[PDB]
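Below is one structure, written out as structure tokens, with a few remarks after it.
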Amino acid sequence: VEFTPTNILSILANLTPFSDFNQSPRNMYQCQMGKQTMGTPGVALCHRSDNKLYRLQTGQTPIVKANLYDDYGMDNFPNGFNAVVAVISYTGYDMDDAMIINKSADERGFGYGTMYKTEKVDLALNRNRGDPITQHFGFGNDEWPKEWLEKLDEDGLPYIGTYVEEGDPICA
Amino acid sequence: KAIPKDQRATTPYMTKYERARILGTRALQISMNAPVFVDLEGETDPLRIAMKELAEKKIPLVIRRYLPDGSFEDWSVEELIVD
Amino acid sequence: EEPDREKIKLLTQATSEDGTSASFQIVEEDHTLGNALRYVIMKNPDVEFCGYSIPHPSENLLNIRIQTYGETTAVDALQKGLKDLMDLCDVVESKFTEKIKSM
Amino acid sequence: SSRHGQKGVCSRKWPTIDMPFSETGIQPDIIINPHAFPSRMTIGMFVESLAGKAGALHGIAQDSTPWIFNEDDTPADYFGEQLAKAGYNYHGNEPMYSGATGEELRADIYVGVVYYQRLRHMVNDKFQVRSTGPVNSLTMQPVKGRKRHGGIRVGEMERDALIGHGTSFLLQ
Amino acid sequence: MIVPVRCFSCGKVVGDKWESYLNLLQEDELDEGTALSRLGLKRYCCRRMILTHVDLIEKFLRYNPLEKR
Amino acid sequence: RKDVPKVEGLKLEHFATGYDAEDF
Amino acid sequence: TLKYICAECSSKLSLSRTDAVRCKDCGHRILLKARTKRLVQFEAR
Amino acid sequence: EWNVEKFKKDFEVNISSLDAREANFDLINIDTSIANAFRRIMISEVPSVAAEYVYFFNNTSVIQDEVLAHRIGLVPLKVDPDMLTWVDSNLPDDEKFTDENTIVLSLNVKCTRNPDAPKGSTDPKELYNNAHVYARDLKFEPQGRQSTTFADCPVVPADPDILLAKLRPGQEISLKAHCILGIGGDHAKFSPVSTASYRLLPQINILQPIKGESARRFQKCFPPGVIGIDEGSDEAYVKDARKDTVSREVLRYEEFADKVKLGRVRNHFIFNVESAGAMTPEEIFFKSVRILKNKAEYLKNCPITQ
Amino acid sequence: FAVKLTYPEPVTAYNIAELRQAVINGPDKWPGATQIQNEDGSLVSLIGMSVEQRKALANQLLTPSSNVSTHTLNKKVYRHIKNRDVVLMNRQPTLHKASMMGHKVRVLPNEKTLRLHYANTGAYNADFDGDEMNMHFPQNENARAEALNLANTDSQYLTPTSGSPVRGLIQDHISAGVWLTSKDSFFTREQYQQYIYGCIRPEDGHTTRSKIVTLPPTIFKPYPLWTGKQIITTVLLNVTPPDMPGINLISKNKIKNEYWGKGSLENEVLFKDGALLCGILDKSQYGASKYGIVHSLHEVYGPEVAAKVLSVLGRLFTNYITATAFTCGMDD
Amino acid sequence: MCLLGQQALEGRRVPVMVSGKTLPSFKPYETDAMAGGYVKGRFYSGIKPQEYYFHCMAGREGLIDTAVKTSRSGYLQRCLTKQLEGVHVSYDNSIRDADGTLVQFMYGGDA
Amino acid sequence: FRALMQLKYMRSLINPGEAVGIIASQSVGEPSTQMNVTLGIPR
Amino acid sequence: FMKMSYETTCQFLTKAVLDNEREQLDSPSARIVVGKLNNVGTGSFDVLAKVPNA
RNA sequence: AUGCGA
Ligand SMILES: [Zn+2]
Ligand SMILES: [Zn+2]
């Protein structure tokens with residue numbers, strides 16, 4: 001006999017509560033959404049440098065969960081939040097596949113998330129040994145617009161924390 | 001190629017496609033300083049102006065209906081039943 | 001200081017000349033003022049029709065149309081609404097203060 | 001998306017004043033259209049709503065393991081009785097008032113607590129517009145890609161469709 | 001990330017009630033329900049706020065690169 | 001099969017606005 | 001004094017155009033640029 | 001016929017409970033449009049004072065600057081919002097912030113280690129110094145006039161215990177928040193109430209009487225004290241319909257669903273206004289009704305434009 | 001997009017005011033204008049000009065001729081897309097010409113997504129699940145006139161495949177029509193008139209009367225009461241031209257009469273001189289695109305009226321779903 | 001509200017292993033309707049795991065048909081759309097191609 | 001009435017220049033996406 | 001050009017060149033290739049103008 | 001080209 005019929009399900013399919021109550025392809029689209037979900041990728045993110053990360057700051061533990069949610073420790077990396085949901089057509093913008101959020105809730109940080117993009121500024125990406133080298137982060141001619149110091153420190157690297165908009169210098 | 005006026009045999013009605021092209025080309029003319037033959041009555045959209053010009057049939061345009069042979073019928077706006 | 005020239009606007013497209021049918025447009029309003037104002041306006045025995053409509057939530061606009069018969073003007077009927085809302089809110093504040101004091 | 005593969009875009013950020021408020025004094029976080037469920041049969045989501053509501057009120061997690069329940073021990077009865085002991089409708093509805101007007105709605109509205117997840121695909125941000133940009137030298141036609149400020153393709157089928165319309169001046 | 005300041009659904013400030021709540025689950029050997037009842041979170045929007053919280057910042061903070069280790 | 005057990009602390013957690021367990 | 005922290009020893013330092021890009025206290029070759037007292041405005045939303 | 005004085009005759013208020021943070025009061029004989037007007041205004045339009053522009057000078061914490069700024073925005077301040085006027089936008093930043101329109105709060109915290117606790121984690125508060133950054137660490141920084149004006153109303157967070165951030169040795173937070181006057185409609189941080197809601201008085205119309213153990217058995221179907229039985233040999237009565245929650249649990253049983261009707265009193269409204277501490281809830285209601293009246297005066301005064 | 005999409009508008013004596021203002025606004029406003037193309041052929045970008053310089057150019061949009069080479073032309077202004085332009089919307093599937101129609105542009109504030117009415121989603125086979133759409137902006141009065149006259153949505157109310165209507169209300173609007181049109185739905189004068197102005201704005205050109213007209217209540221008695229069918233009568237009486245008799249139709253519903261009782265009769269949809277006298281309305285009626293009510297209005301008064309009816313119904317049912325809402329739950 | 005009913009694949013009942021079993025839990029050649037894939041359980045009260053494996057079968061094969069139908073309709077569209085694109089209505093109501101070669105003397109014979 | 005129906009017939013005719021070829025192709029293709037002898041798309 | 005733009009482009013090209021073929025530029029596809037008003041619909045006809053001579 | 005969104 002099976003130890004538990006969950007032994008026939010994959011990990012994500014067990015993470016789906018009451019998966020035996022939905023039309024099967026909706027559970028499969030659930031695996032694709034939860035698998036495509038913006039969540040907490042790790043906690044060493046200050047020591048990675050991914051081309052992109054999506055990190056939800058307001059993460060919570062489901063009230064409704066599989067016991068494999070604890071047994072696999074997925075609570076270390078919560079991927080969502082518990083919301084007060086009314087199943088109601090009322091506003092007229094909830095048709096077919098569109099849903100409404102509370103404005104005040106988003107203003108309080110609901111589902112607030114951040115996205116990290118990492119860049120490599122290389123000066124040899126395609127150099128040519130000793131000879132080639134000559135570029136140094138910094139300045140020399142003075143003739144540059146001194147407003148670049150508004151973004152780049154006197155060593156040629158931007159001040160960590162700086163607000164940057166397209167067009168601002170990322171290094172000099 | 002000239003189908004004699006006495007011999008024009010085509011639909012007395014303006015097709016939706018005919019009406020569309022007339023209104024577009026004439027509107028474009030008004031927008032390029034073609035002389036307006038009707039009161040602008042406040043309007044600023046050249047297309048609505050050309051629509052007014054169609055409503056009074058003041059438009060000075062002619063439709064050349066082609067036949068696949070190559071013969072054609074020159075029809076005035078002022079005769080083709082607008083709608 | 002200036003009499004606000006843009007708060008309320010009279011939509012010529014929606015106003016009779018005889019004198020008893022207008023649509024007014026107020027900026028920066030919604031059901032908040034709207035449904036109360038139409039409610040008090042419906043108390044006017046000389047209002048035939050009155051109601052409010054939001055052209056679009058994102059636009060932050062309120063249109064309120066009052067069409068009456070020849071025994072009142074829509075501007076007058078609206079002023080009757082506003083005097084009723086002000087006096088009624090005075091009543092609410094007054095009884096609320098009285099019961100706050102009675103405690 | 002919910003844990004049920006029922007994904008939807010946020011159509012609008014509804015003002016809290018305009019949301020519907022329950023007689024409990026709250027207005028939902030999310031409103032989902034009911035007509036989405038009849039095709040999907042995501043009734044696991046209904047049970048997750050009533051279980052998250054019971055489990056928030058009594059203040060405990062609920063087990064959602066597939067087949068922990070039985071046709072003779074339905075979840076609507078388990079969480080129905082637990083919720084009714086809590087002080088809430090056995091069917092899980094709550095009397096709601098219209099935010100806009102203020103009357104009580106016709107019927108008791110289905111409200112609950114559901115784990116909702118934010119998909120990384122904010123395709124909202126993927127918008128692009130090009131009225132001017134670079135062109136490939138071998139064609140002088142708009143370059144490719146959003147990040148290249150490229151221009152969307154009018155494909156062969158869209159050509160066919162424009163010929164269908166008779167819109168030959170639009171096709172040109 | 002860190003205990004939210006306010007309950008998304010209602011509006012009641014909750015960020016002050018985390019540490020006492022955790023103390024009430026440790027020190028007083030209370031249960032989560034009764035602890036939230038004594039905290040005044042008498043609505044499920046509030047109930048869930050603290051009940052479901054996952055204070056992942058404690059896991060984040062051990063990665064502090066500004067002190068030797 | 002055993003039915004999943006109902007919770008032991010299954011007691012009122014909701015009141016009207018205006019009221020408390022001082023009436024319970 | 002500009003600052004650069006060693007990715008592996010935590011030791012603060014102040015690189016110059018005249019020194020090797022290495023942690024002088026450990027020997028690492030990766031340095032995090034330290035945050036400083038620099039004004040940034042923020043809309044509280 | 002309807003007049004405003006016949007309303008004044010018909011309008012009633014009954015205040016059940018007035019706490020310095022919650023008010024539960026009733027408005028009898030009003031229109032839903034008016035109760036909803038007061039509710040809506042109490043929520044979105046009543047001005048409150050909240051942090052708006054946070055100026056960081058340093059943040060080495062593991063918390064994102066933006067996020068911490070939003071969290072500092074969320075902190076409700078115990079400030080009477082009438083001490084300040086609105087700040088315009090038509091004018092330069094140098095004129096925007098003055099002592100008449102802005103309140104400055106400084107935060108300068110530096111986390112250290114403590115000289116050697118007992119075991120180890122002996123929490124965080126003993127292993128580290130200023131490990132926990134609370135709203136109570138928002139030092140109020142007055143300017144001139146308002147320095148004197150607040151002599152007897154200094155600026156304090158309405159809940160100092162709010163944890164704002166957690167640090168680690170060598171991490172530091174230095175920022176200066178500019179708190180302005182704003183309304184809850186422009187952003188939810190300016191809403192002065194936690195929950196302002198109304199509920200219609202539940203009405204329990206008993207169509208035929210029930211008695212004995214079926215009457216007490218009906219009595220246990222409702223919240224404890226809604227249905228009272230004095231003798232039950234003659235009636236099963238309603239002690240107070242206001243205690244009920246409309247769980248509609250009674251309808252589950254045929255013993256009753258054919259001998260009871262459950263409705264509401266359209267005229268009677270049960271308001272519940274709980275304040276976030278910035279202001280007392282009744283004072284917030286007073287401001288809401290005076291706000292609606294002020295709006296009607298604005299519409300009287302305005303000239304109908306064309 | 002409203003600030004990043006332009007039309008090359010030749011300046012005349014009739015549009016000098018609007019284009020002078022649009023230039024004054026500049027590229028960084030509403031109906032301003034990003035660029036000015038002279039008749040000499042040169043381009044002058046407003047990307048970085050100051051309000052002063054754009055003010056200076058506003059007084060030069062109407063300058064005289066200068067070269068016999070150019071005397072026949074007039075300057076051009078690249079104005080932002082605005083509320084008077086038509087745009088060609090296409091959704092991938094192109095599978096048919098009806099999936100790429102011309103819509104009239106309505107710039108919505110504080111939006112980031114292309115906003116579309118529900119009535120079109122059964123022609124594009126589109127759904128807000130995450131669907132993306134291409135928006136094409138034609139640059140020529142010939143393409144404008146065609147996108148407003150040939151490709152336009154109203155000219156696509158029926159498919160050529162079968163001639164069944166592909167454009168109708170959906171989901172919630174259908175259940176709202178089913179609920180509103182029940183003989184059980186009554187409305188007070190206040191409620192009735194409110195729903196009416198909620199769905200009809202005479203200031204918006206939503207009528208053929210320039211005032212409002214109303215019916216007698218269904219119940220004169222204890223209280224003046226209007227039915228939902230009387231509301232559909234009022235909207236149809238207000239959207240059809242006063243010079244024409246009311247549409248007369250005998251249709252059917254998708255709801256058997258047995259569901260409304262042992263003697264109830266609610267499947268016969270009866271329209272007499274503009275007045276709904278029996279039955280409810282559903283997908284079979286204004287969405288079914290098979291003779292139902294909307295199809296009948298399309299046939300009798302044409303596509304402009306049928307489109308007006310669709311917008312009016314969409315607003316009526318959305319607002320009534322605001323008053324009463326619709327829900328579904330485990331008890332169901 | 002009632003039952004899921006009989007699952008099917010490519011037009012017929014559940015696949016059976018070469019041992020004669022439609023699932024490990026079923027003895028070889030089980031004549032029970034359920035063993036063929038008939039699910040008596042419903043979404044409101046759930047489906048037994050043996051039944052979840054069959055509704056999963058039908059749901060997947062549905063997703064396959066859904067993902068393949070669009071590749072068989074593009075070539076059906078373009079293959080004749082290339083041919084009839086020249087095909088239009090002459091001004092004489094006769095259907096001529098853009099060449100001029102007459103295809104029909106009237107559209108459907110009624111115009 | 002017969003005169004009216006004849007005039008409706010004259011006013012219901014296909015316009016000169018209609019893209020009926022393309023319309024045909026889409027009216028056979030587009031509905032074939034919803035899809036003893038060969039049936040459906042293979043047929 | 002309609003042959004060229006479907007399949008075996010080079011094969012139809014070869015058979016065309018070997019014929020010394022002339023395109024009468026009627027195919028809508030072919031006409032698109034040369035940047036010509038499509039002959040269908042609104043391009044099924046020409047528009048001229050009546051102008052006063054005095 | 002791989003994966004993937006619709
Ligand atoms: Zn809450
Ligand atoms: Zn080191």
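Going by the structure tokens order, chains are called A, B, ..., each with residues numbered from 1, while ligands are numbered from 1 in the order shown.
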
Discussion item. Please return as a count of residues only the residues found within 9 Å of ligand 1, counting only C-alpha atoms (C1' of nucleotides) and all ligand atoms.
Written reply: 20

Item to complete: Output the contact residues of chain B with respect to chain I at a cut-off of 8 Å, based on only C-alpha atoms, as a PyMOL selection string.
Response: chain B and resi 16-17+20-21+23-25+27-28+31-33+43-45+47

Item to complete: Write out as a list in words each polymer residue (protein, DNA or RNA) that has an atom no more than 9 Å from ligand 2, with only C-alpha atoms (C1' of nucleotides) and all ligand atoms counted.
Response: residues 5, 6, 7, 8, 9, 10, 11, 12, 22, 23, 24, 25, 26, 27, 28, 29, 30 and 31 of chain G

May I have the residues from that selection written out with C-alpha atoms, as a compact mmCIF listing (two decimals), in the first residue's frame?
# COMPACT_ATOMS: atom_id res chain seq x y z
CA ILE G 5 35.52 47.20 2.27
CA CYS G 6 37.17 43.82 1.67
CA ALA G 7 34.58 41.29 0.48
CA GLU G 8 36.16 38.63 2.70
CA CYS G 9 37.76 40.27 5.76
CA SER G 10 35.39 43.20 6.46
CA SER G 11 38.44 45.45 6.85
CA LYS G 12 37.82 49.03 5.76
CA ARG G 22 43.51 43.78 -3.27
CA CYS G 23 42.55 43.73 0.41
CA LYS G 24 45.72 44.80 2.22
CA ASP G 25 44.54 43.01 5.38
CA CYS G 26 43.52 39.65 3.91
CA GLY G 27 44.61 39.59 0.29
CA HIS G 28 41.21 39.32 -1.36
CA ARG G 29 40.67 40.72 -4.84
CA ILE G 30 37.05 41.87 -4.44
CA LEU G 31 36.07 45.09 -2.68

Near chain L, which residues of chain K fall within 9 Å when you count only C-alpha atoms, and what do they look like as a PDB file with C-alpha atoms, in the first residue's frame?
ATOM      1  CA  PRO K  16     -18.111  46.820 -55.996  1.00  0.00           C
ATOM      2  CA  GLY K  17     -14.530  46.171 -54.939  1.00  0.00           C
ATOM      3  CA  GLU K  18     -15.228  44.011 -51.886  1.00  0.00           C
ATOM      4  CA  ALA K  19     -12.246  41.913 -50.798  1.00  0.00           C
TER       5      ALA K  19
END

Worksheet item: What are the DSSP helix (DSSP H, G or I) residues of chain J, as a PyMOL selection string?
Response: chain J and resi 34-36+49-68+71-84+107-109

Practice prompt. Would you kindly return, as a list in words, each protein, DNA or RNA residue with an atom no farther than 7 Å from any atom of residue 68 in chain A, considering only C-alpha atoms (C1' of nucleotides) and excluding same-chain residues fewer than 4 positions away?
Written response: residues 14, 15 and 72 of chain A

Item to complete: Would you work out the distance separating CA of residue 281 in chain H from CA of residue 43 in chain H, expressed in Å to one decimal?
Response: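 The value is 11.5 Å.
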
Discussion item. Would you mind listing, as an MDAnalysis selection string, all residues of chain D that have at least one atom within 8 Å of chain K, where only C-alpha atoms are what counts?
Written reply: chainID D and resid 160:161 163:166

Using C-alpha atoms, can you write the selected residues to a file as a tab-separated table (two decimals), in the first residue's frame?
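The file below, again_33.tsv, is the result:
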chain	number	residue	atom	x	y	z
D	160	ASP	CA	-4.17	39.81	-45.16
D	161	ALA	CA	-6.53	41.35	-42.62
D	163	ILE	CA	-6.70	43.62	-47.49
D	164	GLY	CA	-9.85	42.00	-46.11
D	165	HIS	CA	-11.08	45.35	-44.84
D	166	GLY	CA	-10.67	46.99	-48.24

Worksheet item: Quick one: residues within 8 Å of residue 58 in chain J, only C-alpha atoms (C1' of nucleotides) counted, chain neighbours fewer than 6 positions away excluded, as an MDAnalysis selection string?
Response: chainID J and resid 7:9

Any chance you could export the current selection's N, CA, C and O atoms as a PDB file, in the first residue's frame?
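Dumped everything to selection01.pdb:
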ATOM      1  N   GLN J   7     -13.850   9.751 -17.986  1.00  0.00           N
ATOM      2  CA  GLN J   7     -12.725  10.351 -18.674  1.00  0.00           C
ATOM      3  C   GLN J   7     -12.461   9.578 -19.957  1.00  0.00           C
ATOM      4  O   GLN J   7     -12.742   8.381 -20.050  1.00  0.00           O
ATOM      5  N   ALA J   8     -11.937  10.274 -20.958  1.00  0.00           N
ATOM      6  CA  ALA J   8     -11.639   9.647 -22.234  1.00  0.00           C
ATOM      7  C   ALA J   8     -10.312  10.169 -22.753  1.00  0.00           C
ATOM      8  O   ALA J   8      -9.847  11.241 -22.361  1.00  0.00           O
ATOM      9  N   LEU J   9      -9.700   9.395 -23.646  1.00  0.00           N
ATOM     10  CA  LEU J   9      -8.486   9.835 -24.314  1.00  0.00           C
ATOM     11  C   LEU J   9      -8.548   9.438 -25.779  1.00  0.00           C
ATOM     12  O   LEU J   9      -8.900   8.302 -26.107  1.00  0.00           O
TER      13      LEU J   9
END

Worksheet item: Near chain A, which residues of chain H fall within 8 Å when you count only C-alpha atoms, and what do they look like as a list in words?
Response: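 Residues passing the distance filter: residues 70, 74, 187, 188 and 189 of chain H.
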
With N, CA, C and O atoms kept, could you save the residues just selected as a compact mmCIF listing (two decimals), in the first residue's frame?
# COMPACT_ATOMS: atom_id res chain seq x y z
N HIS H 70 9.01 54.31 3.08
CA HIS H 70 7.57 54.04 3.11
C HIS H 70 7.12 53.67 4.51
O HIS H 70 6.05 54.10 4.97
N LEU H 74 4.40 55.37 7.08
CA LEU H 74 3.22 54.71 7.65
C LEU H 74 3.03 55.03 9.13
O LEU H 74 1.91 54.97 9.63
N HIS H 187 -3.22 59.57 -0.29
CA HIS H 187 -2.52 58.33 0.03
C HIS H 187 -2.98 57.83 1.39
O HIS H 187 -3.27 58.62 2.29
N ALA H 188 -3.03 56.51 1.53
CA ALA H 188 -3.65 55.90 2.70
C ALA H 188 -2.90 56.23 3.98
O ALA H 188 -3.45 56.04 5.07
N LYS H 189 -1.66 56.70 3.88
CA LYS H 189 -0.93 57.09 5.07
C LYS H 189 -1.52 58.32 5.74
O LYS H 189 -1.29 58.53 6.93

Discussion item. When you look at residue 15 in chain H with a cut-off of 10 Å (counting only C-alpha atoms (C1' of nucleotides)), what residues show up, excluding the ones that are within fewer than 3 positions of it in the same chain? I need them as a PyMOL selection string.
Written reply: (chain C and resi 96+99-100+102-103) or (chain H and resi 18+23-27+270-271)

Atoms kept (N, CA and C atoms) for selection, written as a PDB file, in the first residue's frame:
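Here's the written file out.pdb:
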ATOM      1  N   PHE C  96     -25.108  65.962  17.327  1.00  0.00           N
ATOM      2  CA  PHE C  96     -23.965  65.164  17.752  1.00  0.00           C
ATOM      3  C   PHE C  96     -23.259  65.844  18.911  1.00  0.00           C
ATOM      4  N   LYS C  99     -25.410  65.299  22.121  1.00  0.00           N
ATOM      5  CA  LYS C  99     -25.267  63.984  22.736  1.00  0.00           C
ATOM      6  C   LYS C  99     -23.858  63.745  23.263  1.00  0.00           C
ATOM      7  N   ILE C 100     -22.853  64.404  22.687  1.00  0.00           N
ATOM      8  CA  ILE C 100     -21.514  64.331  23.261  1.00  0.00           C
ATOM      9  C   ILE C 100     -21.479  65.013  24.622  1.00  0.00           C
ATOM     10  N   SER C 102     -24.176  65.406  26.603  1.00  0.00           N
ATOM     11  CA  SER C 102     -25.063  64.733  27.544  1.00  0.00           C
ATOM     12  C   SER C 102     -24.360  63.621  28.311  1.00  0.00           C
ATOM     13  N   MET C 103     -23.371  62.967  27.704  1.00  0.00           N
ATOM     14  CA  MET C 103     -22.692  61.842  28.352  1.00  0.00           C
ATOM     15  C   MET C 103     -22.339  62.135  29.807  1.00  0.00           C
TER      16      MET C 103
ATOM     17  N   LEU H  18     -17.861  55.754  23.867  1.00  0.00           N
ATOM     18  CA  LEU H  18     -16.940  56.805  23.441  1.00  0.00           C
ATOM     19  C   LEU H  18     -15.623  56.554  24.164  1.00  0.00           C
ATOM     20  N   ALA H  23     -15.047  55.183  18.943  1.00  0.00           N
ATOM     21  CA  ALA H  23     -16.395  55.686  19.170  1.00  0.00           C
ATOM     22  C   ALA H  23     -17.364  54.757  18.457  1.00  0.00           C
ATOM     23  N   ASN H  24     -18.348  54.225  19.184  1.00  0.00           N
ATOM     24  CA  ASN H  24     -19.448  53.481  18.570  1.00  0.00           C
ATOM     25  C   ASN H  24     -20.754  54.240  18.777  1.00  0.00           C
ATOM     26  N   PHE H  25     -21.221  54.918  17.734  1.00  0.00           N
ATOM     27  CA  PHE H  25     -22.389  55.775  17.869  1.00  0.00           C
ATOM     28  C   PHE H  25     -23.355  55.492  16.730  1.00  0.00           C
ATOM     29  N   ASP H  26     -24.628  55.796  16.952  1.00  0.00           N
ATOM     30  CA  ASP H  26     -25.689  55.496  16.006  1.00  0.00           C
ATOM     31  C   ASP H  26     -26.261  56.791  15.453  1.00  0.00           C
ATOM     32  N   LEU H  27     -26.627  56.745  14.173  1.00  0.00           N
ATOM     33  CA  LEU H  27     -27.364  57.795  13.475  1.00  0.00           C
ATOM     34  C   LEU H  27     -28.707  57.245  13.009  1.00  0.00           C
ATOM     35  N   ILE H 270     -25.320  52.088  12.516  1.00  0.00           N
ATOM     36  CA  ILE H 270     -24.426  51.888  13.644  1.00  0.00           C
ATOM     37  C   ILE H 270     -23.008  52.170  13.168  1.00  0.00           C
ATOM     38  N   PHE H 271     -22.527  53.375  13.465  1.00  0.00           N
ATOM     39  CA  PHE H 271     -21.173  53.780  13.126  1.00  0.00           C
ATOM     40  C   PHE H 271     -20.194  53.214  14.141  1.00  0.00           C
TER      41      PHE H 271
END

Worksheet item: Do you have the CA of residue 96 in chain D-CA of residue 40 in chain D distance handy?
Response: 25.7 Å

Worksheet entry | I:117, I:252, I:4, I:262 ranked by distance to residue 93 in chain A, top pick (using only C-alpha atoms) | I:117

Practice prompt. Would you mind reading off the distance between CA of residue 25 in chain I and CA of residue 54 in chain I, one decimal, in Å?
Written response: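 Straight-line distance from CA of residue 25 in chain I to CA of residue 54 in chain I works out to 8.1 Å.
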
Just the residues within 8 Å of range 65-68 of chain B, please, counting only C-alpha atoms (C1' of nucleotides), with nothing from its chain fewer than 6 positions along; format it as a PDB file with N, CA and C atoms, in the first residue's frame.
ATOM      1  N   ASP B  74     -16.736  57.870 -65.398  1.00  0.00           N
ATOM      2  CA  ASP B  74     -16.521  59.049 -64.575  1.00  0.00           C
ATOM      3  C   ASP B  74     -17.872  59.451 -63.998  1.00  0.00           C
ATOM      4  N   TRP B  75     -17.982  59.389 -62.677  1.00  0.00           N
ATOM      5  CA  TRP B  75     -19.203  59.678 -61.940  1.00  0.00           C
ATOM      6  C   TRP B  75     -18.968  60.870 -61.026  1.00  0.00           C
TER       7      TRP B  75
ATOM      8  N   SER J  90     -15.694  42.536 -59.186  1.00  0.00           N
ATOM      9  CA  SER J  90     -15.610  43.547 -60.223  1.00  0.00           C
ATOM     10  C   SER J  90     -16.740  44.557 -60.061  1.00  0.00           C
ATOM     11  N   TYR J  91     -16.574  45.711 -60.703  1.00  0.00           N
ATOM     12  CA  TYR J  91     -17.610  46.736 -60.675  1.00  0.00           C
ATOM     13  C   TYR J  91     -18.895  46.287 -61.356  1.00  0.00           C
ATOM     14  N   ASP J  92     -18.836  45.244 -62.178  1.00  0.00           N
ATOM     15  CA  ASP J  92     -20.012  44.676 -62.823  1.00  0.00           C
ATOM     16  C   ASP J  92     -20.687  43.616 -61.967  1.00  0.00           C
ATOM     17  N   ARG J  96     -13.932  38.888 -60.233  1.00  0.00           N
ATOM     18  CA  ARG J  96     -12.682  38.724 -60.954  1.00  0.00           C
ATOM     19  C   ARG J  96     -11.498  38.755 -60.000  1.00  0.00           C
ATOM     20  N   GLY J 100      -7.782  39.798 -63.423  1.00  0.00           N
ATOM     21  CA  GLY J 100      -8.877  40.057 -64.335  1.00  0.00           C
ATOM     22  C   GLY J 100      -9.632  38.808 -64.737  1.00  0.00           C
TER      23      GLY J 100
ATOM     24  N   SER L  44      -9.585  50.086 -55.853  1.00  0.00           N
ATOM     25  CA  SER L  44     -10.251  49.566 -57.038  1.00  0.00           C
ATOM     26  C   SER L  44     -10.619  50.643 -58.042  1.00  0.00           C
ATOM     27  N   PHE L  45     -10.402  51.919 -57.737  1.00  0.00           N
ATOM     28  CA  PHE L  45     -10.843  52.980 -58.627  1.00  0.00           C
ATOM     29  C   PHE L  45      -9.917  54.171 -58.454  1.00  0.00           C
ATOM     30  N   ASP L  46     -10.130  55.181 -59.286  1.00  0.00           N
ATOM     31  CA  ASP L  46      -9.375  56.421 -59.220  1.00  0.00           C
ATOM     32  C   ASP L  46     -10.301  57.572 -58.854  1.00  0.00           C
TER      33      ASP L  46
END

Practice prompt. Skip residue 110 in chain H itself and residues of its chain fewer than 2 positions away, then list as a ChimeraX atom specification all residues within 10 Å of it, counting only C-alpha atoms (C1' of nucleotides).
Written response: /H:60,107-108,112,129-131,133,167-174
